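Asker: Can you keep this structure in mind? I'll have questions shortly.
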Amino acid sequence: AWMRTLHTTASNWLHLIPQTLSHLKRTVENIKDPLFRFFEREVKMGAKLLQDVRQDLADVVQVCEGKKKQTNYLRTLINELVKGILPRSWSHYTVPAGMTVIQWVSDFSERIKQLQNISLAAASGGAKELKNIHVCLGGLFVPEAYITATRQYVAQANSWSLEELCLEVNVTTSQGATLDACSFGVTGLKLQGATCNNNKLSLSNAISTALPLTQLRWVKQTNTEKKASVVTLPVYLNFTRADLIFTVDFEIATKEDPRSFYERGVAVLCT
């Protein structure tokens with residue numbers, strides 16, 4: 001009855017979840033690269049999580065087939081899966097409050113697909129592709145680590161100090177990908193409350209406007225006074241706002257004012 005349905009949905013998840021993450025992040029010549037280090041640690045963590053999840057869910061399928069004896073940990077896991085609450089063991093990256101296991105496995109599958117793409121790019125061209133690829137920001141396990149890694153990579157180029165770097169963002173369209181050796185194309189960010197019109201904000205009644213390929217560039221900070229036409233939008237990851245990844249300074253329209261943006265609740269969201 002119920003247990004066969006659990007077996008069927010678990011088998012569907014195994015079919016949906018990609019197979020073992022190719023831990024091909026191995027280049028002693030690329031160790032000094034900060035981007036390579038960050039991507040290597042992320043791929044290692046993702047591969048270990050994939051192995052644990054795949055093994056546990058295959059064990060669940062096979063105990064559904066009835067040819068094994070479950071233990072206390074397996075009882076806890078099945079009691080977690082029956083009610084749809086996320087397994088506590090599988091939680092190693094930050095979690096929006098209360099999302100179902102189906103939502104979690106879909107998100108984890110997306111993260112494994114992008115990690116597969118990252119590993120293939122690294123095995124094809126190394127650090128260069130590790131920079132040119134347009135990694136999405138939402139699926140990354142520790143996005144702030146990615147921002148720090150990009151800052152370090154830009155610092156190594158031209159041998160600039162880490163603190164001499166300030167982030168500037170420009171939003172593109174149609175996937176221009178006109179990188180200037182410091183831009184970091186990133187996708188998936190969703191602007192809640194406004195729209196971007198040639199990098200100029202404007203309040204819109206419709207919420208959650210998708211931002212395609214918001215280029216991340218680090219430049220010398222001139223310590224000049226920011227004009228009144230800029231706003232500091234908090235960048236969160238979940239739909240709930242409980243994790244500040246970084247901050248973005250956007251130019252607003254001539255008619256608009258920062259007070260209205262602060263009041264309306266505008267904030268960039270990765271998911």
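Chain labels follow the order of the structure tokens: the first chain is A, the next B, and so on; residue numbering restarts at 1 in every chain, and ligands are counted from 1 in their shown order.
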Find the residues around residue 3 in chain A up to 12 Å (only C-alpha atoms counted), leave out those fewer than 6 positions away in its own chain, and share them as number ranges by chain.
Answerer: A: 9-10, 60-66, 78-79, 81-82
Asker: Residues of the last selection are to be written out with C-alpha atoms, as a short mmCIF file (atom, residue, chain, number, x, y, z; two decimals), in the first residue's frame.
Answerer:
data_model
loop_
_atom_site.label_atom_id
_atom_site.label_comp_id
_atom_site.auth_asym_id
_atom_site.auth_seq_id
_atom_site.Cartn_x
_atom_site.Cartn_y
_atom_site.Cartn_z
CA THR A 9 8.53 7.67 -5.66
CA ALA A 10 12.04 6.83 -4.40
CA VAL A 60 15.43 2.88 1.02
CA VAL A 61 14.40 1.41 -2.34
CA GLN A 62 15.99 -1.95 -1.55
CA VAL A 63 14.40 -2.16 1.91
CA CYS A 64 11.12 -1.33 0.18
CA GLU A 65 11.85 -4.41 -1.92
CA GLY A 66 12.01 -6.18 1.45
CA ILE A 78 11.90 6.55 6.49
CA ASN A 79 9.93 8.34 9.22
CA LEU A 81 10.45 10.73 4.22
CA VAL A 82 6.90 9.51 4.92
#
Asker: Give me the range 185-212 of chain A side of the contact with range 127-147 of chain A, cut-off 8 Å, one line per residue showing its nearest atom pair and distance in Å at one decimal, counting only C-alpha atoms, sorted by chain and residue number, as JSON lines.
Answerer:
{"residue": "A:185", "atom": "CA", "partner": "A:134", "partner_atom": "CA", "distance": 4.9}
{"residue": "A:186", "atom": "CA", "partner": "A:136", "partner_atom": "CA", "distance": 5.2}
{"residue": "A:187", "atom": "CA", "partner": "A:136", "partner_atom": "CA", "distance": 4.4}
{"residue": "A:188", "atom": "CA", "partner": "A:136", "partner_atom": "CA", "distance": 5.4}
{"residue": "A:189", "atom": "CA", "partner": "A:137", "partner_atom": "CA", "distance": 7.0}
Asker: Using N, CA, C and O atoms, can you write the selected residues to a file as a compact mmCIF listing (two decimals), in the first residue's frame?
Answerer:
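Listed below is the output, result_13.txt:
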# COMPACT_ATOMS: atom_id res chain seq x y z
N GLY A 185 29.94 36.51 -14.98
CA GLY A 185 28.56 36.26 -15.32
C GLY A 185 27.89 35.30 -14.36
O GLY A 185 28.36 34.18 -14.16
N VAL A 186 26.78 35.73 -13.77
CA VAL A 186 26.02 34.91 -12.83
C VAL A 186 24.54 35.06 -13.15
O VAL A 186 24.07 36.14 -13.52
N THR A 187 23.81 33.96 -13.02
CA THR A 187 22.40 33.91 -13.40
C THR A 187 21.57 33.47 -12.20
O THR A 187 22.10 33.04 -11.17
N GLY A 188 20.25 33.58 -12.35
CA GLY A 188 19.31 33.11 -11.36
C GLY A 188 18.85 34.13 -10.35
O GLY A 188 17.88 33.86 -9.62
N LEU A 189 19.49 35.29 -10.27
CA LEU A 189 19.07 36.32 -9.32
C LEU A 189 17.71 36.88 -9.72
O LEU A 189 17.46 37.14 -10.90
Asker: Would you mind listing, for every residue of range 163-218 of chain A within 7 Å of range 249-260 of chain A, the two atoms forming the shortest contact and the distance between them in Å to one decimal, using only C-alpha atoms, sorted by chain and ascending residue number, as a tab-separated table?
Answerer:
residue	atom	partner	partner_atom	distance
A:199	CA	A:251	CA	6.7
A:200	CA	A:251	CA	5.1
A:201	CA	A:252	CA	4.4
A:202	CA	A:253	CA	5.8
Asker: Go through A:213, A:207, A:157, A:16 one by one, measure the shortest atom-to-atom distance of each to residue 172 in chain A using only C-alpha atoms, and give the residue with the smallest value.
Answerer: A:213
Asker: Could you list, as an mmCIF file with N, CA, C and O atoms, in the first residue's frame, every residue within 12 Å of residue 56 in chain A, counting only C-alpha atoms and ignoring same-chain residues fewer than 2 positions away?
Answerer:
data_model
loop_
_atom_site.group_PDB
_atom_site.id
_atom_site.type_symbol
_atom_site.label_atom_id
_atom_site.label_comp_id
_atom_site.auth_asym_id
_atom_site.auth_seq_id
_atom_site.Cartn_x
_atom_site.Cartn_y
_atom_site.Cartn_z
ATOM 1 N N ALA A 10 10.590 6.853 -4.590
ATOM 2 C CA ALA A 10 12.035 6.831 -4.404
ATOM 3 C C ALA A 10 12.752 6.416 -5.682
ATOM 4 O O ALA A 10 13.784 6.994 -6.034
ATOM 5 N N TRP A 13 12.827 9.283 -7.937
ATOM 6 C CA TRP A 13 13.878 10.215 -7.530
ATOM 7 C C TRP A 13 15.259 9.736 -7.967
ATOM 8 O O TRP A 13 16.065 10.534 -8.458
ATOM 9 N N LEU A 14 15.553 8.442 -7.801
ATOM 10 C CA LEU A 14 16.833 7.915 -8.282
ATOM 11 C C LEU A 14 16.994 8.137 -9.778
ATOM 12 O O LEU A 14 18.086 8.479 -10.247
ATOM 13 N N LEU A 49 28.003 14.580 -0.710
ATOM 14 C CA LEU A 49 26.570 14.635 -0.437
ATOM 15 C C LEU A 49 25.790 13.780 -1.422
ATOM 16 O O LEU A 49 24.821 13.114 -1.046
ATOM 17 N N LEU A 50 26.196 13.789 -2.693
ATOM 18 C CA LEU A 50 25.540 12.960 -3.694
ATOM 19 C C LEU A 50 25.712 11.485 -3.380
ATOM 20 O O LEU A 50 24.766 10.706 -3.505
ATOM 21 N N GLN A 51 26.916 11.081 -2.971
ATOM 22 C CA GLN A 51 27.137 9.684 -2.617
ATOM 23 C C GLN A 51 26.284 9.281 -1.423
ATOM 24 O O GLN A 51 25.647 8.222 -1.439
ATOM 25 N N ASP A 52 26.239 10.122 -0.387
ATOM 26 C CA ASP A 52 25.434 9.795 0.786
ATOM 27 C C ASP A 52 23.953 9.708 0.436
ATOM 28 O O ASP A 52 23.267 8.755 0.823
ATOM 29 N N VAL A 53 23.444 10.688 -0.314
ATOM 30 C CA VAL A 53 22.028 10.705 -0.666
ATOM 31 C C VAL A 53 21.681 9.522 -1.561
ATOM 32 O O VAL A 53 20.667 8.846 -1.352
ATOM 33 N N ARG A 54 22.513 9.253 -2.571
ATOM 34 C CA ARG A 54 22.262 8.145 -3.481
ATOM 35 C C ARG A 54 22.287 6.813 -2.745
ATOM 36 O O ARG A 54 21.403 5.972 -2.943
ATOM 37 N N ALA A 58 18.944 4.566 -2.350
ATOM 38 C CA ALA A 58 18.976 3.211 -2.890
ATOM 39 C C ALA A 58 18.730 2.180 -1.797
ATOM 40 O O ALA A 58 18.056 1.169 -2.027
ATOM 41 N N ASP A 59 19.274 2.417 -0.599
ATOM 42 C CA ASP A 59 18.976 1.556 0.540
ATOM 43 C C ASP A 59 17.490 1.582 0.869
ATOM 44 O O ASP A 59 16.901 0.548 1.201
ATOM 45 N N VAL A 60 16.871 2.762 0.792
ATOM 46 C CA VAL A 60 15.432 2.875 1.020
ATOM 47 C C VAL A 60 14.661 2.075 -0.021
ATOM 48 O O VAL A 60 13.714 1.352 0.307
ATOM 49 N N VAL A 61 15.059 2.181 -1.289
ATOM 50 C CA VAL A 61 14.399 1.412 -2.344
ATOM 51 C C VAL A 61 14.537 -0.083 -2.083
ATOM 52 O O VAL A 61 13.573 -0.851 -2.218
ATOM 53 N N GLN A 62 15.735 -0.519 -1.689
ATOM 54 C CA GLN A 62 15.992 -1.947 -1.552
ATOM 55 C C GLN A 62 15.333 -2.516 -0.298
ATOM 56 O O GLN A 62 14.968 -3.697 -0.267
ATOM 57 N N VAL A 63 15.160 -1.697 0.745
ATOM 58 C CA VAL A 63 14.404 -2.161 1.906
ATOM 59 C C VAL A 63 12.911 -2.122 1.607
ATOM 60 O O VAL A 63 12.134 -2.887 2.192
ATOM 61 N N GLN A 70 16.207 -3.088 8.299
ATOM 62 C CA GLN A 70 16.510 -1.693 8.578
ATOM 63 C C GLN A 70 16.949 -1.509 10.027
ATOM 64 O O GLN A 70 16.564 -2.270 10.920
ATOM 65 N N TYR A 73 18.822 4.208 12.222
ATOM 66 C CA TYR A 73 19.020 5.330 11.310
ATOM 67 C C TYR A 73 18.095 5.224 10.104
ATOM 68 O O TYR A 73 17.531 6.228 9.652
ATOM 69 N N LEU A 74 17.921 4.012 9.570
ATOM 70 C CA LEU A 74 16.994 3.822 8.459
ATOM 71 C C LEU A 74 15.554 4.073 8.890
ATOM 72 O O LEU A 74 14.756 4.611 8.115
ATOM 73 N N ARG A 75 15.198 3.683 10.118
ATOM 74 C CA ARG A 75 13.865 3.992 10.627
ATOM 75 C C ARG A 75 13.650 5.496 10.725
ATOM 76 O O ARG A 75 12.587 6.006 10.353
ATOM 77 N N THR A 76 14.653 6.224 11.220
ATOM 78 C CA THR A 76 14.550 7.679 11.277
ATOM 79 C C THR A 76 14.404 8.271 9.882
ATOM 80 O O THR A 76 13.582 9.168 9.661
ATOM 81 N N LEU A 77 15.184 7.768 8.923
ATOM 82 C CA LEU A 77 15.116 8.292 7.564
ATOM 83 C C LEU A 77 13.747 8.045 6.939
ATOM 84 O O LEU A 77 13.171 8.945 6.319
ATOM 85 N N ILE A 78 13.202 6.836 7.096
ATOM 86 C CA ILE A 78 11.903 6.550 6.493
ATOM 87 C C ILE A 78 10.801 7.339 7.194
ATOM 88 O O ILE A 78 9.854 7.804 6.549
ATOM 89 N N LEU A 81 10.940 10.666 5.600
ATOM 90 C CA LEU A 81 10.453 10.728 4.224
ATOM 91 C C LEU A 81 8.944 10.532 4.122
ATOM 92 O O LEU A 81 8.320 11.076 3.202
ATOM 93 N N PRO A 87 15.071 15.178 5.475
ATOM 94 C CA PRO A 87 16.025 14.481 6.343
ATOM 95 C C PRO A 87 17.058 15.447 6.897
ATOM 96 O O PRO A 87 17.572 16.313 6.187
ATOM 97 N N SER A 89 20.034 14.614 8.104
ATOM 98 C CA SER A 89 21.371 14.239 7.654
ATOM 99 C C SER A 89 21.693 14.839 6.292
ATOM 100 O O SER A 89 22.820 15.285 6.055
ATOM 101 N N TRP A 90 20.716 14.858 5.383
ATOM 102 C CA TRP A 90 20.960 15.352 4.032
ATOM 103 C C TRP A 90 21.183 16.859 3.992
ATOM 104 O O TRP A 90 21.590 17.385 2.951
#
Asker: I'd like the contact shell of residue 169 in chain A - 8 Å cut-off, only C-alpha atoms, skipping same-chain residues fewer than 3 positions apart - returned as a PyMOL selection string.
Answerer: chain A and resi 214-217+248-250
Asker: Rank A:99, A:266, A:43, A:219 by their smallest atom-to-atom distance to residue 122 in chain A, using only C-alpha atoms, and report the top residue only.
Answerer: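 So, comparing all the options, the nearest one is A:43.
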Asker: Mind checking DSSP for range 52-182 of chain A and telling me the strand (DSSP E or B) residues as a PyMOL selection string?
Answerer: chain A and resi 136+165-171
Asker: In Å, how far is it from CA of residue 39 in chain A to CA of residue 117 in chain A?
Answerer: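 Calculated distance between CA of residue 39 in chain A and CA of residue 117 in chain A is 11.5 Å.
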